[PDB]
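A.B. asks: So that we are looking at the same thing, I have put the structure below in structure tokens.
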Amino acid sequence: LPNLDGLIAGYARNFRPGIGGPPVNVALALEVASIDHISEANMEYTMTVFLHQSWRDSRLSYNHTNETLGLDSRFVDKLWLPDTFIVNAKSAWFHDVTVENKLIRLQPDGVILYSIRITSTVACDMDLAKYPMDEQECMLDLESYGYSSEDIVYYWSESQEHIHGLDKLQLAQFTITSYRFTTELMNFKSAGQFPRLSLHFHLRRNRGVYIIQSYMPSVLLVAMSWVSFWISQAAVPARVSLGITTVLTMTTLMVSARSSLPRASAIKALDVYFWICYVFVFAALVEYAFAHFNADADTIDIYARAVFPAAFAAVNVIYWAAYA
Amino acid sequence: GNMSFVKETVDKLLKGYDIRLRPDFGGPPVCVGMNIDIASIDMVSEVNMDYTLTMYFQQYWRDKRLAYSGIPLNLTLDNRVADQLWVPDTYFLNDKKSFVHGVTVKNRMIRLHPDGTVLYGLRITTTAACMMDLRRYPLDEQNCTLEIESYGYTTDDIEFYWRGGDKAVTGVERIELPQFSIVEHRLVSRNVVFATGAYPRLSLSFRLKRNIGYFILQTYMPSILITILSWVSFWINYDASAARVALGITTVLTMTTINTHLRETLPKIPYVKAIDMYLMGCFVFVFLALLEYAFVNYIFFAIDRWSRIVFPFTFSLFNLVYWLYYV
Amino acid sequence: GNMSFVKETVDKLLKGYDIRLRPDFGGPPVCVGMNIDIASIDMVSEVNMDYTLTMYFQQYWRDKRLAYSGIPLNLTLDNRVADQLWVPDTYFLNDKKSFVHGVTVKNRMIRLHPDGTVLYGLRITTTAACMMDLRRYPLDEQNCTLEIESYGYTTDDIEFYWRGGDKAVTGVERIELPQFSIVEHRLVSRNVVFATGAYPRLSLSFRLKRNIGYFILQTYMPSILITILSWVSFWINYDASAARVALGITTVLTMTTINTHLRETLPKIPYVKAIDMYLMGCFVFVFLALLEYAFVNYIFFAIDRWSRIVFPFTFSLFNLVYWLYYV
Amino acid sequence: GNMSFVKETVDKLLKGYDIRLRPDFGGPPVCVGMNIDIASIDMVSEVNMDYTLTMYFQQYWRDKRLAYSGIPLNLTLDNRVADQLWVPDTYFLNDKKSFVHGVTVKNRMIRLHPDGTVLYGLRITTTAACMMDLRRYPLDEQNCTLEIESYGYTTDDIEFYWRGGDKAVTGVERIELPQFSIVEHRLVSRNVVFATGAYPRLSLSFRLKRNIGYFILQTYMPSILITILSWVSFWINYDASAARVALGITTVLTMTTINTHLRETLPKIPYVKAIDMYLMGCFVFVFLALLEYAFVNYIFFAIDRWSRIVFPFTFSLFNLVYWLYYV
Amino acid sequence: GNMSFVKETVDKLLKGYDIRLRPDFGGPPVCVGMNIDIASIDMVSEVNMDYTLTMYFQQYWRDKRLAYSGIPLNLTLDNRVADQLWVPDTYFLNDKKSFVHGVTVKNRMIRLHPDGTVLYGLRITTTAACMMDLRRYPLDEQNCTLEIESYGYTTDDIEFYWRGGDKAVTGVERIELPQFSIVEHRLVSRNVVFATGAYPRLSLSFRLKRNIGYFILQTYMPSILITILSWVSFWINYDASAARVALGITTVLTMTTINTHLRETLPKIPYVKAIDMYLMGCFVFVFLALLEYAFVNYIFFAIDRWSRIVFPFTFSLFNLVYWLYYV
Amino acid sequence: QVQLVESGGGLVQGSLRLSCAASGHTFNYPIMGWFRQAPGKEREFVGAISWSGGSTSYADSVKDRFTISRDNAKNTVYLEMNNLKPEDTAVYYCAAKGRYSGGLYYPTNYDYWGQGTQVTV
Amino acid sequence: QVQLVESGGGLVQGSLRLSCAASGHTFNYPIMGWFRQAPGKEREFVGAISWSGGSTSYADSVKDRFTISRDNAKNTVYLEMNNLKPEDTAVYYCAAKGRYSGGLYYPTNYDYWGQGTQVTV
Amino acid sequence: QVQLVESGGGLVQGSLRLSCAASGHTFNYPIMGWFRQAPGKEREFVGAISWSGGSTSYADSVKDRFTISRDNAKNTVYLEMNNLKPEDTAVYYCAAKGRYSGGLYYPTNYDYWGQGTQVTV
Ligand SMILES: *[C@@H]1O[C@H](CO)[C@@H](O[C@@H]2O[C@H](CO)[C@@H](O)[C@H](O)[C@H]2NC(C)=O)[C@H](O)[C@H]1NC(C)=O
Ligand SMILES: NCCc1c[nH]cn1
Ligand SMILES: NCCc1c[nH]cn1
Ligand SMILES: NCCc1c[nH]cn1
């Protein structure tokens, strides 16, 4: 208690330690708790992380005590803190239930340990060229907002590689293949040089029944159009109905799929496959109309039988190989 | 005129009180007893894999700095006095968004005791993440937990225990989930070790069993009726090419629409759900039925009778295998 | 120059005032009178089983510490003076999300009286949970309650009563729900006992009757028209295989689409609603109609006349049984 | 060096100032002049029966305690000085959710005057409820109001008036509603009496006329085209049973889909809207058209020519009656 | 030991500092230089007619009260010191909802200078309204502006200018809109006069050009394919009444579904969009195609060959006129 | 703009049914109230009812004796007075109230009033 | 308004199964409780169960000996008493509790009660 | 960029109808105003109207005498001056205002102006 009163009284909150001198060296560590949402439509992901910041402040060094002074979140407002902000965060907030989840542990030599739990919605630029067989890389940039490299210098702590916890994360749709901690000291903004600690992790979309939902109904519509080939040409309403219904269902699927996806003017691989499927179903109706016009035959229909799956099998192999 | 005497006693307690220091700072850890009075579980979201919980969170601990004598009563003070008192830094590890109700005032209770015991109650609405295994969906059983842990103080400074043993958590019967039933709840006390240190942990877990009544009417029954509808084409004469072809197409298209609707209500998980298996099986039968007439039409330009017995028998066999496997 | 005299009087009242201590602390409980002036009920959500309520919540109690003499007037002070005064810890037990309006200032009123009576009013918009029984939906009747209770002070320290008897709650006629009508409202006073102690409880309940006008046009009428549409196939000649088969299929498919839309607007309850029973019955008639032609087609490769009288008669009988049972 | 002199003057004004007491406390009521500078009306929601309004709310009143001499200037102080000054407890009675913008600082203005006049401006975005009569929808005309009232002070303590008469509210021309047009706005001053007392009231009302251009293309035109599409079956030969039956069915099914979409965008009101009447009438014509062929098919196993003139004539007559009634 | 000397200097500056008074109060207006560092434009919503903007808003002004000597350095103070300093009341006139990020601390920067220059930076995410002209949609070009203005201080007390001329706003190249491209940005400085007075105004405007790539695939291509699909009926023999009638109906129904989907994604504007004109034209061709067979069927109970050349030629002519007009 | 006409008074020694017909912008005034004014005494609130929902309120003096109901087809609000007593000797008025005009019991909150019917027992 | 009737008591020296039939607005009272009152002693909580979900609670004295289950078809809640002991000599009551009426263990929180069945061993 | 041309003035002793044709980016300037400037006197606001919605405002001097309406087909705003008085002897101008340019009554808030028409009575 006597230490706490003495330290605050002679403490100047508005100034970084050693102002007008060497920059403050701040050790930074991350403990990712979870990655809740990954929305391609909003180009964002939500992450909950324990942010640990360590720095030395000689103004808070005490004597005669060799025990670290664990302190509550109330003591936070009494001390100078780094102005670390997430560069690419759309929105973020602190958990305050039941109290502000802030940790301050003070050591006799003046080393301060500052840990807070934060949930942040971070914007991630995603390329949907190979969607859904696409791998995305998302960053997490940390930087001082007001203090340049002359005042605050950031660096990953030695314990970062052991407490990141990215291996333990479980994602419903993606999988964390690789992660990397990058330090960029060359973020020269207008105010000055700003050191930027960045966390890069690569996300691979799971290829399971999700892609089966998108592709199989499209394939089955194409297969349904092939049924008209085995149907007799004299059954004009039967083959016409099969042609029109398959084409309409394919058209609705293409429109619905894009609508339930971001409005980006990007040629997604799913859209390409839909176009290929639409050509086959449309051509089948054209083929029967050509056959009916000629009648106004059976060998032509048999020739159309072997060609369409053979062409469809070949185009599927090219499609899957290109995007895999 | 005891109010003045009580005011003097309370002012004496808070004179020199340091909220920055825990009780018995530098000595034995302070034991905190916790009880939960569950109010309701508002929502259980499979897409977001989380549930909303409203409860009365109460903390019990003894602070000798607040001990008073001469007043044989339990002082129930205003909730605003908690700002001048030390409280445990209790937080929920698996929560996603939580808040404390503040109408008409903050839902907070402080009740001191002559021996120094402090009662701290909060009405908290929390959204806690709960990973769900949807392999057996909708016939699945889920285990959602609520992790309680201190944030700053390690096991050397604070300890957590369920006050009252297995009776610490009450109000479980108040939970009325239209889609789930509370099979069982458990109380777990453990110590979790991190890089900073070892922290006390209290875990409250519920085992939820999903109700199949809604899904039978919503999904299973329409799929069966469509499959039976495709069988009608067998009794239709083969010369009616337009009718039988239309019957096969419409059943296939309807099956796709049902399949699309179900998967939109669920998260984009890669593995195949139990309900997905049933829909895929139903799609096979209707697709084969349309292929059956194509074979009949091709040979024509007896088979229908053979199909009239195989398809209902195979579908009945498929249903028996499906239900027994998942029950 | 009475403003200076009033200022001296008010400063005298607040000098030595302890907000942490309730009036008559350690003595008889303080009686709090409560009146509610309902503004409107914005929404009634069946999916979330809750309703949004806006009201003027007013509390009446006497604090002898605030009694003043020499001023024969009721001092209407600024709303910011409430922070220096003790107020009851009144909270709503069944609320889900509530707030106090703060434009252009906090919607709060303080009005002292010479005898020490204090009037405390708040304009509160609250979302209170209301479990609904949808077995008779949409012909159901709902009873939504609003629970009012003290959080920290037990019955030994505070008491709640409806000020004015049955006239405590006003503005019920202002409620304009497009889907519901306020049949009746009741005021209930009771004591609820918890582990911590017994707490006073005030309950305000409304009995809501759903309006059937919207659902007749939205759901019932389209289902009837589809069922009548299927009967047209009976008058069509049996040789028109394509036409009659198409008529049966489209009616069945349309019935499924109507059924899917209705259930999406309602929570995933396991039990069967009254509207679900009607939709299932309509689906049976159209499905039997398509099966009727399949039997006709099979025997052909009189029955239609016998179907022309049975189906309209059976459907009329089904409607009479359905409506009488639920009315 | 007048800044020091101004600082001394301002500190003198705030020395002994009591924010808890209104100007001329215990004497004549203080008159408050109010002007509104409308910025925009963001949304007008029929489902929620409310509109979003952004405006510059300015209040004018005189406080002799803030009168200063020797400075022939209007002191434009920082917005943070309003916390040390008494302000009227003005609130909006019919609002649902309102807030004051705070970027980059709170959108607040304080401008004192030598005679004691105080100007208080706020940029407020408010969502005010507005009950709508949808009987004539979409050809309806709506009257949405904005109620302004004091919360705590009665007419004996405060009075409200529109500063500038009918010119108090400006910026009405800035309102650009894609679906509505501001026909007229009115300013109403009245006193409303409650149980607590009589309170001054200021009302601002707009009469909104809905634009029919969107609904003609969205709803009316597709319905007419479907009705005309059903008439094509009359020219088709009776022997084409499959074609004429398919034409009648598809038009009926399409009419149902259009009807379902419209009602989903509107609140579940029990009464029948004008647009609903048109959709019901269109459904009758297409349903009769399919029934017309059923009669033709029945008698066959001239009528078409009679139907070719009755249906277009009756539908044209129906349109003429419908439009004249609602215009 | 310069930290103590710096602390003494800073305390001297804030001793007697009055935040309520602007620099050079009662004298010449204080010039404020503003530069914007755009981070990104998250969304551009046509339905709400607004865009979301994230930027680094920096303000430059000189306050002689904060001038210090003896320290040849720029003091970068904590962001919490801004509460004890006067800052301009800068607000955005056309914003709808804005906030300042506060993780891990408030995104605020204060950097004093020896001559009294003060640098004030904020990271602000704002939603600014932007009225859009959708007559040429989706081939339209939009001009969205960001209005910057002082709220309380008039031109006699404060002046705004773009610091650095046309280089004041940077980061325009960072904007990555999937649907729009930043054609040009402009900086405008003007004075706007209101009833209270004349206020300085800074305007930042972007001209956005919509990308047509998405809409060609989403809307234009499906409509063309349906129109081509209707032409297939011409080659089909006239005796196939069921097939040709079904072909005409399904194309018409599909065209309606496409039209409904497009208009749901756009605000209910009364005027006709360019995309609406194309959809209406496509609907005419398919409707005429079905009417074409009705004429053929009527005369039968050569025309098809004439239709095989007129319809593709007319549709090609319609496309050429449509694209040239809107490009 | 709402016009109110009331009829069905007269003199009796009994059960009487008053009536009130409304016309105009009834939507803006969904609440109809009944008031009586004894000679010399201030106008007294009798009962109020909403056009939609049929919710009604009554004064203590006329509670369990007077019933108020309305039919939207005729836009008519009718007051049924049963067990008439000599205290019920006053002119009965028909009034309409705005949506946000405040409490029912205060006549000054009502905008449009009827001419009045004389009932004497 | 819920009516509670209980039966199945009698005197034994054993296993006994009590029963309780409910009728009325059961939805408003989804919790059913069992109470016993020894002569002179205060009424004692035995066990409680919800109508929906089958969640149940028991007292320490009757734990692992008494089982409570209900069937919604008959609207009946039945208490199965096994390994009866002389301590189980009291009148057994059936009670219903409101949704927001508080804890189960307190009889005063229950609104509707049964007449009572006498069980003596 | 909006170009404004006005015509229809002349000298009369009466009713006169001014007109103003606009061309360019009219969407950015949805408000059209009318101003007159007496010799020696400052320019005076007459009336303003929006392109969409037809909402209009007038000065007190010209209230109930001058009517302003526009047609979007011709992109023309016309001022109808009736009951002309000798006070109405000034050059009449046509102006356009931006969406966020402030109040109507202040000419300095308008960006584009017409050449001017002389009306003398
Ligand atoms: C301070 O503000 C007041 C109120 O706006 C000003 O008084 C007005 O002055 C104008 C002329 O500038 C007159 O047309 C108004 O009639 C005045 N109103 C009142 C109520 O007196 C005053 O001029 C302003 N002071 C300064 C120095 O600008
Ligand atoms: N006032 C509610 C106190 C409580 C609820 N649960 C336990 N204690
Ligand atoms: N200012 C309105 C206060 C009120 C409403 N209801 C009762 N009192
Ligand atoms: N600073 C602009 C203040 C304002 C807008 N409207 C009226 N006054």
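Every chain in the structure tokens takes a letter, A first, then B, and so on in the order presented; its residues are numbered from 1, and the ligands are numbered from 1 following the presented order.
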What residues in chain F lie within 12 Å of chain D, counting only C-alpha atoms, written as an NGL selection string?

C.D. replies: :F and (25-30 or 52-53 or 72 or 97-111)

A.B. asks: Which residues are near residue H:88? Cut-off 8 Å, only C-alpha atoms, ignore same chain within fewer than 4 positions. Put them as a VMD selection string.

C.D. replies: chain H and resid 84 119 to 121

A.B. asks: Please write the residues from the selection above to a file, keeping N, CA and C atoms, as a CSV table (one decimal), in the first residue's frame.

C.D. replies:
```csv
chain,number,residue,atom,x,y,z
H,84,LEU,N,-49.8,42.5,-59.8
H,84,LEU,CA,-48.5,43.3,-59.9
H,84,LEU,C,-48.7,44.6,-59.3
H,119,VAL,N,-38.3,43.5,-65.2
H,119,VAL,CA,-39.8,43.7,-65.1
H,119,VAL,C,-40.1,45.0,-64.4
H,120,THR,N,-40.8,45.9,-65.1
H,120,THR,CA,-41.1,47.2,-64.7
H,120,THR,C,-42.6,47.4,-64.8
H,121,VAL,N,-43.3,47.9,-63.7
H,121,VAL,CA,-44.7,48.1,-63.8
H,121,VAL,C,-45.0,49.6,-63.4
```

A.B. asks: For chain E, work out the contacting residues on chain A at 7 Å, counting only C-alpha atoms, and write them as a PDB file with N, CA and C atoms, in the first residue's frame.

C.D. replies:
```pdb
ATOM      1  N   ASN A  14       0.653  11.949 -18.577  1.00  0.00           N
ATOM      2  CA  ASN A  14       0.570  12.399 -19.962  1.00  0.00           C
ATOM      3  C   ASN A  14       1.826  12.108 -20.773  1.00  0.00           C
ATOM      4  N   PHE A  15       2.913  11.671 -20.145  1.00  0.00           N
ATOM      5  CA  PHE A  15       4.194  11.530 -20.819  1.00  0.00           C
ATOM      6  C   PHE A  15       4.643  10.077 -20.832  1.00  0.00           C
ATOM      7  N   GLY A  18      10.797   8.227 -20.073  1.00  0.00           N
ATOM      8  CA  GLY A  18      11.978   8.743 -20.737  1.00  0.00           C
ATOM      9  C   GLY A  18      11.657   9.632 -21.919  1.00  0.00           C
ATOM     10  N   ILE A  19      10.718  10.565 -21.736  1.00  0.00           N
ATOM     11  CA  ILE A  19      10.343  11.451 -22.828  1.00  0.00           C
ATOM     12  C   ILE A  19      11.533  12.333 -23.200  1.00  0.00           C
ATOM     13  N   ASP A  83      -0.327   3.626 -27.050  1.00  0.00           N
ATOM     14  CA  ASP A  83      -1.530   3.874 -27.845  1.00  0.00           C
ATOM     15  C   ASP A  83      -1.647   2.877 -28.992  1.00  0.00           C
ATOM     16  N   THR A  84      -1.548   1.594 -28.663  1.00  0.00           N
ATOM     17  CA  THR A  84      -1.617   0.556 -29.681  1.00  0.00           C
ATOM     18  C   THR A  84      -3.038   0.434 -30.211  1.00  0.00           C
ATOM     19  N   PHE A  85      -3.177   0.460 -31.533  1.00  0.00           N
ATOM     20  CA  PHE A  85      -4.468   0.310 -32.181  1.00  0.00           C
ATOM     21  C   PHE A  85      -4.334  -0.661 -33.343  1.00  0.00           C
ATOM     22  N   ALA A  92     -13.991  -2.586 -32.726  1.00  0.00           N
ATOM     23  CA  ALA A  92     -13.433  -3.379 -31.642  1.00  0.00           C
ATOM     24  C   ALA A  92     -13.949  -2.836 -30.319  1.00  0.00           C
ATOM     25  N   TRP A  93     -13.863  -3.670 -29.285  1.00  0.00           N
ATOM     26  CA  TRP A  93     -14.360  -3.300 -27.968  1.00  0.00           C
ATOM     27  C   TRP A  93     -13.729  -4.208 -26.922  1.00  0.00           C
ATOM     28  N   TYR A 145      -0.604   4.786 -32.524  1.00  0.00           N
ATOM     29  CA  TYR A 145      -1.387   5.754 -33.279  1.00  0.00           C
ATOM     30  C   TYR A 145      -0.748   7.136 -33.303  1.00  0.00           C
ATOM     31  N   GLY A 146      -0.136   7.560 -32.203  1.00  0.00           N
ATOM     32  CA  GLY A 146       0.395   8.906 -32.129  1.00  0.00           C
ATOM     33  C   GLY A 146       1.899   8.976 -31.976  1.00  0.00           C
ATOM     34  N   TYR A 147       2.494   7.945 -31.385  1.00  0.00           N
ATOM     35  CA  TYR A 147       3.928   7.923 -31.141  1.00  0.00           C
ATOM     36  C   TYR A 147       4.647   7.280 -32.318  1.00  0.00           C
ATOM     37  N   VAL A 236     -43.013 -34.833 -78.290  1.00  0.00           N
ATOM     38  CA  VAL A 236     -42.612 -33.426 -78.336  1.00  0.00           C
ATOM     39  C   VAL A 236     -42.833 -32.716 -77.005  1.00  0.00           C
ATOM     40  N   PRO A 237     -44.017 -32.772 -76.380  1.00  0.00           N
ATOM     41  CA  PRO A 237     -44.169 -32.086 -75.085  1.00  0.00           C
ATOM     42  C   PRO A 237     -43.245 -32.621 -74.006  1.00  0.00           C
ATOM     43  N   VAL A 240     -39.608 -31.280 -74.812  1.00  0.00           N
ATOM     44  CA  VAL A 240     -39.612 -29.826 -74.676  1.00  0.00           C
ATOM     45  C   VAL A 240     -39.717 -29.430 -73.209  1.00  0.00           C
ATOM     46  N   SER A 241     -40.607 -30.090 -72.461  1.00  0.00           N
ATOM     47  CA  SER A 241     -40.750 -29.783 -71.042  1.00  0.00           C
ATOM     48  C   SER A 241     -39.462 -30.071 -70.284  1.00  0.00           C
ATOM     49  N   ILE A 244     -37.001 -27.172 -71.199  1.00  0.00           N
ATOM     50  CA  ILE A 244     -37.288 -25.852 -70.643  1.00  0.00           C
ATOM     51  C   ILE A 244     -37.113 -25.849 -69.127  1.00  0.00           C
ATOM     52  N   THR A 251     -30.984 -21.395 -64.657  1.00  0.00           N
ATOM     53  CA  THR A 251     -30.944 -19.936 -64.631  1.00  0.00           C
ATOM     54  C   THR A 251     -31.228 -19.399 -63.234  1.00  0.00           C
ATOM     55  N   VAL A 255     -28.668 -17.086 -60.629  1.00  0.00           N
ATOM     56  CA  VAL A 255     -29.067 -15.807 -60.050  1.00  0.00           C
ATOM     57  C   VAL A 255     -29.080 -15.890 -58.528  1.00  0.00           C
ATOM     58  N   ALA A 264     -19.525  -8.199 -55.428  1.00  0.00           N
ATOM     59  CA  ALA A 264     -18.294  -7.923 -56.155  1.00  0.00           C
ATOM     60  C   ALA A 264     -18.390  -8.408 -57.596  1.00  0.00           C
ATOM     61  N   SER A 265     -17.861  -7.599 -58.516  1.00  0.00           N
ATOM     62  CA  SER A 265     -17.822  -7.950 -59.934  1.00  0.00           C
ATOM     63  C   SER A 265     -16.613  -8.843 -60.222  1.00  0.00           C
ATOM     64  N   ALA A 289     -34.756 -29.358 -80.926  1.00  0.00           N
ATOM     65  CA  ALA A 289     -35.441 -28.480 -81.868  1.00  0.00           C
ATOM     66  C   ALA A 289     -34.889 -28.657 -83.275  1.00  0.00           C
ATOM     67  N   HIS A 292     -36.341 -31.951 -84.462  1.00  0.00           N
ATOM     68  CA  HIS A 292     -37.750 -31.809 -84.815  1.00  0.00           C
ATOM     69  C   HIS A 292     -37.913 -31.060 -86.131  1.00  0.00           C
ATOM     70  N   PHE A 293     -37.091 -30.032 -86.355  1.00  0.00           N
ATOM     71  CA  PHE A 293     -37.153 -29.291 -87.611  1.00  0.00           C
ATOM     72  C   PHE A 293     -36.789 -30.179 -88.795  1.00  0.00           C
TER      73      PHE A 293
END
```

A.B. asks: What does the distance from atom CA of residue E:97 to atom CA of residue E:142 come to in Å, to one decimal?

C.D. replies: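 If I compute the distance from atom CA of residue E:97 to atom CA of residue E:142, I get 21.0 Å.
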
A.B. asks: How far is it from atom CA of residue F:91 to atom CA of residue C:164, in Å with one decimal?

C.D. replies: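 Pair atom CA of residue F:91 / atom CA of residue C:164 returns 29.0 Å.
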
A.B. asks: Can you list, as JSON, numbers by chain, every protein, DNA or RNA residue that comes within 6 Å of stretch 31-42 of chain F when you count only C-alpha atoms, leaving out same-chain residues fewer than 3 positions away?

C.D. replies: {"F": [45, 46, 47, 48, 49, 50, 90, 91, 92, 93, 94, 95, 96, 97]}

A.B. asks: Go through D:291, D:112, D:148, D:30 and flag the residue nearest ligand 3, using only C-alpha atoms and all ligand atoms for the distances.

C.D. replies: D:148

A.B. asks: Please, which residues of chain C lie no more than 7 Å from chain B when the count uses only C-alpha atoms, and can they be set out as JSON, numbers by chain?

C.D. replies: {"C": [20, 21, 25, 89, 90, 91, 98, 99, 151, 152, 153, 241, 242, 245, 246, 268, 269, 270, 271, 294, 297, 298]}

A.B. asks: Emit the selected residues as a JSON list (two decimals), in the first residue's frame, including C-alpha atoms.

C.D. replies:
```json
[["chain", "number", "residue", "atom", "x", "y", "z"],
["C", 20, "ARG", "CA", -25.79, 4.34, 0.33],
["C", 21, "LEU", "CA", -28.46, 4.08, 3.06],
["C", 25, "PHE", "CA", -32.38, 2.24, 7.44],
["C", 89, "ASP", "CA", -33.29, -0.61, -7.03],
["C", 90, "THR", "CA", -36.33, -1.47, -9.14],
["C", 91, "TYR", "CA", -35.66, -3.82, -12.05],
["C", 98, "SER", "CA", -34.11, -2.05, -21.71],
["C", 99, "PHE", "CA", -32.88, 1.53, -21.74],
["C", 151, "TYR", "CA", -32.99, -6.42, -6.67],
["C", 152, "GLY", "CA", -31.10, -5.92, -3.42],
["C", 153, "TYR", "CA", -33.58, -4.94, -0.73],
["C", 241, "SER", "CA", -53.38, -37.61, -69.25],
["C", 242, "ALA", "CA", -50.95, -34.69, -69.53],
["C", 245, "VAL", "CA", -51.36, -35.13, -64.18],
["C", 246, "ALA", "CA", -50.07, -31.56, -64.48],
["C", 268, "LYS", "CA", -39.19, -24.10, -34.49],
["C", 269, "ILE", "CA", -41.64, -25.46, -31.93],
["C", 270, "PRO", "CA", -42.01, -29.28, -31.87],
["C", 271, "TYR", "CA", -45.78, -29.43, -31.39],
["C", 294, "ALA", "CA", -53.85, -42.66, -61.07],
["C", 297, "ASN", "CA", -55.82, -44.25, -65.39],
["C", 298, "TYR", "CA", -54.86, -47.72, -64.14]]
```

A.B. asks: One number please: atom CA of residue B:316 to atom CA of residue C:276, in Å, one decimal.

C.D. replies: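 So the two atoms, atom CA of residue B:316 and atom CA of residue C:276, lie 25.9 Å apart.
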